[PDB]
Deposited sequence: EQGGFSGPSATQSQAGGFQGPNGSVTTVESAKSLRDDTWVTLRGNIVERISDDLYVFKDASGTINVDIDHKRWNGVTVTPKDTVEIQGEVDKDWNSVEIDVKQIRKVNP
């Protein structure tokens, strides 16, 4: 009961992503609405909000504001005290 969780079409809701197991690959769509600290941002979709970690290298020349719909792909990082998405890719849509 193991395998690769990663890219090879489904967009998951923020609220349900919070329920997934640690180390699960997800794609979400929504808006980045606030920067909370170094590399930590708040991502919101119609179902809820979740914190996302976006390293400086993920932007790739793209400027994103809260009005931009963006698609993010990365891993659910869940610990005893937190759930966040470690973002591998962000693109505007």
Coverage holes, deposited numbering, ordered by position, sit at 1, 10-22, 108-109
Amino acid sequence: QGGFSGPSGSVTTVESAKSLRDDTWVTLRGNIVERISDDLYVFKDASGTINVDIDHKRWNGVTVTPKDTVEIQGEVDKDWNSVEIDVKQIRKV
From here on, numbers count along this sequence of modelled residues.
Output the stretch having the higher mean C-alpha B factor in the entry; the candidates are 57-65 and 27-35.
57-65
With reference to the PDB entry, specify whether the mean Cα temperature factor is higher for 67-75 or for 9-17.
9-17
The third of the chain into which the C-alpha temperature factor of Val87 falls is the lowest
Position of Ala46 among the chain's modelled residues by C-alpha B-factor, lowest, middle or highest third
highest
